[PDB]
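Shown here: run10.pdb, PDB, C-alpha atoms.
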```pdb
ATOM      1  CA  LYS A 535     161.656  54.224  75.751
ATOM      2  CA  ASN A 536     161.666  51.718  72.853
ATOM      3  CA  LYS A 537     161.463  48.682  75.164
ATOM      4  CA  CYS A 538     158.723  46.275  76.239
ATOM      5  CA  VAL A 539     157.986  47.767  79.663
ATOM      6  CA  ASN A 540     155.151  47.498  82.196
ATOM      7  CA  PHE A 541     153.626  50.927  82.790
ATOM      8  CA  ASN A 542     151.753  51.410  86.070
ATOM      9  CA  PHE A 543     149.250  54.272  86.023
ATOM     10  CA  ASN A 544     146.982  55.250  88.909
ATOM     11  CA  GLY A 545     143.907  54.069  87.007
ATOM     12  CA  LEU A 546     145.324  51.958  84.179
ATOM     13  CA  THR A 547     147.305  48.707  84.094
ATOM     14  CA  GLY A 548     149.033  47.010  81.188
ATOM     15  CA  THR A 549     152.250  46.477  79.278
ATOM     16  CA  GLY A 550     153.563  48.084  76.121
ATOM     17  CA  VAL A 551     156.385  49.911  74.367
ATOM     18  CA  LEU A 552     156.741  53.662  74.880
ATOM     19  CA  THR A 553     158.024  55.795  72.004
ATOM     20  CA  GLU A 554     157.644  59.212  70.403
ATOM     21  CA  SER A 555     154.330  60.493  69.064
ATOM     22  CA  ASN A 556     152.974  63.086  66.646
ATOM     23  CA  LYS A 557     149.583  63.639  68.315
ATOM     24  CA  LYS A 558     148.637  66.432  70.725
ATOM     25  CA  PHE A 559     146.304  65.802  73.654
ATOM     26  CA  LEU A 560     144.022  68.303  75.347
ATOM     27  CA  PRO A 561     145.382  70.019  78.497
ATOM     28  CA  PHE A 562     142.715  68.349  80.682
ATOM     29  CA  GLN A 563     142.615  64.890  79.073
ATOM     30  CA  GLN A 564     145.059  62.153  80.065
ATOM     31  CA  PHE A 565     143.837  59.016  78.240
ATOM     32  CA  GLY A 566     143.619  58.048  74.585
ATOM     33  CA  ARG A 567     142.047  54.943  73.059
ATOM     34  CA  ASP A 568     141.479  53.369  69.656
ATOM     35  CA  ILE A 569     138.120  52.632  68.008
ATOM     36  CA  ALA A 570     137.515  49.198  69.560
ATOM     37  CA  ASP A 571     138.469  50.234  73.139
ATOM     38  CA  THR A 572     142.259  49.902  72.917
ATOM     39  CA  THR A 573     144.443  52.350  74.845
ATOM     40  CA  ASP A 574     147.384  53.189  72.579
ATOM     41  CA  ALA A 575     148.512  56.678  73.681
ATOM     42  CA  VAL A 576     148.686  58.334  77.108
ATOM     43  CA  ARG A 577     150.089  61.643  78.318
ATOM     44  CA  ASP A 578     153.144  61.657  80.563
ATOM     45  CA  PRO A 579     152.201  63.205  83.935
ATOM     46  CA  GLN A 580     155.696  64.544  84.686
ATOM     47  CA  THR A 581     156.677  66.128  81.354
ATOM     48  CA  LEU A 582     153.965  67.598  79.107
TER      49      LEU A 582
ATOM     50  CA  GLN B  14     120.318  88.898 106.764
ATOM     51  CA  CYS B  15     116.531  88.701 107.068
ATOM     52  CA  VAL B  16     115.246  91.921 105.443
ATOM     53  CA  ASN B  17     113.615  91.281 102.074
ATOM     54  CA  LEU B  18     113.976  93.619  99.107
ATOM     55  CA  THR B  19     111.308  95.936  97.709
ATOM     56  CA  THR B  20     112.402  95.741  94.042
ATOM     57  CA  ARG B  21     111.164  92.166  93.519
ATOM     58  CA  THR B  22     108.858  91.512  90.556
ATOM     59  CA  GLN B  23     106.948  88.250  90.186
ATOM     60  CA  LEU B  24     107.485  86.514  86.841
ATOM     61  CA  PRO B  25     105.690  83.489  85.351
ATOM     62  CA  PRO B  26     107.854  80.374  84.775
ATOM     63  CA  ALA B  27     107.993  80.439  80.981
ATOM     64  CA  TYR B  28     110.038  78.129  78.751
ATOM     65  CA  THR B  29     112.891  78.592  76.284
ATOM     66  CA  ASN B  30     113.884  76.011  73.672
ATOM     67  CA  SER B  31     117.502  74.953  73.166
ATOM     68  CA  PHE B  32     118.909  73.709  69.859
ATOM     69  CA  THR B  33     122.202  71.846  70.422
ATOM     70  CA  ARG B  34     123.446  72.992  73.837
ATOM     71  CA  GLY B  35     124.419  70.783  76.752
ATOM     72  CA  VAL B  36     127.242  68.579  75.407
ATOM     73  CA  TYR B  37     130.391  67.959  77.456
ATOM     74  CA  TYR B  38     133.160  65.377  77.784
ATOM     75  CA  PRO B  39     132.078  62.335  79.846
ATOM     76  CA  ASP B  40     135.688  61.121  80.157
ATOM     77  CA  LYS B  41     139.295  62.095  79.417
ATOM     78  CA  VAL B  42     139.754  59.782  76.403
ATOM     79  CA  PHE B  43     141.319  61.321  73.293
ATOM     80  CA  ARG B  44     140.063  59.937  69.973
ATOM     81  CA  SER B  45     139.845  61.200  66.393
ATOM     82  CA  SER B  46     137.350  60.753  63.518
ATOM     83  CA  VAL B  47     135.166  58.282  65.434
ATOM     84  CA  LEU B  48     131.546  58.232  66.621
ATOM     85  CA  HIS B  49     131.025  56.345  69.889
TER      86      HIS B  49
ATOM     87  CA  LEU C 244     123.459  94.181  93.594
ATOM     88  CA  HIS C 245     124.404  97.853  93.362
ATOM     89  CA  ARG C 246     123.181 101.161  94.773
ATOM     90  CA  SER C 247     123.913 104.535  93.172
ATOM     91  CA  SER C 255     119.278  97.738 103.121
ATOM     92  CA  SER C 256     116.402  97.370 100.647
ATOM     93  CA  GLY C 257     117.325 100.149  98.205
ATOM     94  CA  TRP C 258     119.735  97.963  96.257
ATOM     95  CA  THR C 259     119.305  97.106  92.584
ATOM     96  CA  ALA C 260     120.892  94.774  90.047
ATOM     97  CA  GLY C 261     122.424  95.483  86.644
ATOM     98  CA  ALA C 262     121.549  93.834  83.324
ATOM     99  CA  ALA C 263     122.037  90.083  82.899
ATOM    100  CA  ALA C 264     120.166  86.838  82.299
ATOM    101  CA  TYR C 265     120.498  83.191  83.300
ATOM    102  CA  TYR C 266     118.439  80.101  82.468
ATOM    103  CA  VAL C 267     118.158  76.844  84.420
ATOM    104  CA  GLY C 268     117.530  73.499  82.729
ATOM    105  CA  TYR C 269     117.176  69.860  83.742
ATOM    106  CA  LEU C 270     119.397  66.893  82.901
ATOM    107  CA  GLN C 271     118.324  63.392  81.852
ATOM    108  CA  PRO C 272     120.328  60.140  81.643
ATOM    109  CA  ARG C 273     120.372  59.994  77.836
ATOM    110  CA  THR C 274     122.823  58.658  75.238
ATOM    111  CA  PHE C 275     125.006  60.957  73.128
ATOM    112  CA  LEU C 276     127.389  60.466  70.218
ATOM    113  CA  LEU C 277     130.823  62.109  70.198
ATOM    114  CA  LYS C 278     132.384  63.204  66.895
ATOM    115  CA  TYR C 279     136.029  64.084  67.536
ATOM    116  CA  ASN C 280     138.188  65.963  65.041
ATOM    117  CA  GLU C 281     141.983  65.831  64.694
ATOM    118  CA  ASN C 282     142.367  68.244  67.639
ATOM    119  CA  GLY C 283     139.748  66.690  69.938
ATOM    120  CA  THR C 284     137.039  69.373  69.778
ATOM    121  CA  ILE C 285     133.437  68.155  69.676
ATOM    122  CA  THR C 286     131.901  69.379  66.410
ATOM    123  CA  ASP C 287     128.439  67.774  66.526
ATOM    124  CA  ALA C 288     126.473  65.518  68.865
ATOM    125  CA  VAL C 289     123.551  63.151  68.300
ATOM    126  CA  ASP C 290     120.743  62.732  70.839
ATOM    127  CA  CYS C 291     119.205  59.274  70.481
TER     128      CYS C 291
END
```

Structure translated into structure tokens:
Amino acid sequence: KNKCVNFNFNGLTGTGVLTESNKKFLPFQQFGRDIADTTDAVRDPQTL
Amino acid sequence: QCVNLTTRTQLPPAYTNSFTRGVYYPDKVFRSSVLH
Amino acid sequence: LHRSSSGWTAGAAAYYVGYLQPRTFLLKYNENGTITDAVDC
């Protein structure tokens, strides 16, 4: 956390910084994007 | 297996109008207060 | 079916079958992610 890392998802590629969040995703959804198609929050597959 | 029933009643194929049903999630993208 | 091979009978239910079309919808998400209203173009 809190470092410029390169996350490697099964269907998503890109770099970013992982940190804490205040949102709450749905139990079936895994992705989260901004208005102009910008992925800014994903759910961790290991820990909910 | 092949024996048909005797309590079958023929019905005409009528119609029924829906109002706002039939909406699901096309993907697993979480957004808030948008309209895409 | 129930029976209180052709003397069986059903209960009391209903089911309707529709048809889909490749249309365009609008998704209005709230703070929790539940769809509140949709717009058929």

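For the pair CA of residue 277 in chain C and CA of residue 559 in chain A, the separation is 16.3 Å.
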
Rows by chain and residue number, chain B within 9 Å of chain C, shortest pair, only C-alpha atoms, as a tab-separated table:
```
residue	atom	partner	partner_atom	distance
B:16	CA	C:256	CA	7.4
B:17	CA	C:256	CA	6.8
B:18	CA	C:256	CA	4.7
B:19	CA	C:256	CA	6.1
B:20	CA	C:259	CA	7.2
B:29	CA	C:266	CA	8.4
B:33	CA	C:288	CA	7.8
B:35	CA	C:270	CA	8.8
B:36	CA	C:288	CA	7.3
B:37	CA	C:285	CA	8.4
B:38	CA	C:285	CA	8.6
B:43	CA	C:283	CA	6.5
B:44	CA	C:279	CA	6.3
B:45	CA	C:279	CA	4.9
B:46	CA	C:279	CA	5.4
B:47	CA	C:278	CA	5.8
B:48	CA	C:278	CA	5.0
B:49	CA	C:276	CA	5.5
```

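Proximity to chain B at a cut-off of 6 Å picks out residues 563, 564, 565 and 566 of chain A on chain A, counting only C-alpha atoms.
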
Each residue of chain A lying at most 9 Å from chain C should get a row with its shortest atom-to-atom pair and the distance in Å to one decimal, counting all atoms listed in the file; could you produce that, ordered by chain and increasing number, as JSON lines?
```
{"residue": "A:557", "atom": "CA", "partner": "C:282", "partner_atom": "CA", "distance": 8.6}
{"residue": "A:558", "atom": "CA", "partner": "C:282", "partner_atom": "CA", "distance": 7.2}
{"residue": "A:559", "atom": "CA", "partner": "C:283", "partner_atom": "CA", "distance": 7.6}
{"residue": "A:560", "atom": "CA", "partner": "C:283", "partner_atom": "CA", "distance": 7.1}
```

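We find CA of residue 552 in chain A and CA of residue 537 in chain A to be spaced 6.9 Å apart.
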
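If you apply the PyMOL selection byres ((chain A and resi 550) around 10) to this structure, you end up with residues 536, 537, 538, 539, 540, 541, 548, 549, 551, 552, 553 and 574 of chain A.
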
Calculate, to one decimal in Å, the centre and edge lengths of the box along x, y and z of the file that holds all listed atoms of range 274-288 of chain C with 5 Å of margin on each side, and present them as AutoDock Vina command-line options.
```
--center_x 132.6 --center_y 64.0 --center_z 70.0 --size_x 29.5 --size_y 20.7 --size_z 20.5
```

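From CA of residue 555 in chain A back to CA of residue 577 in chain A, the distance works out to 10.2 Å.
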
Which one of A:547, A:554, A:561, A:535 sits closest to residue 579 in chain A if you count all atoms listed in the file?
A:561
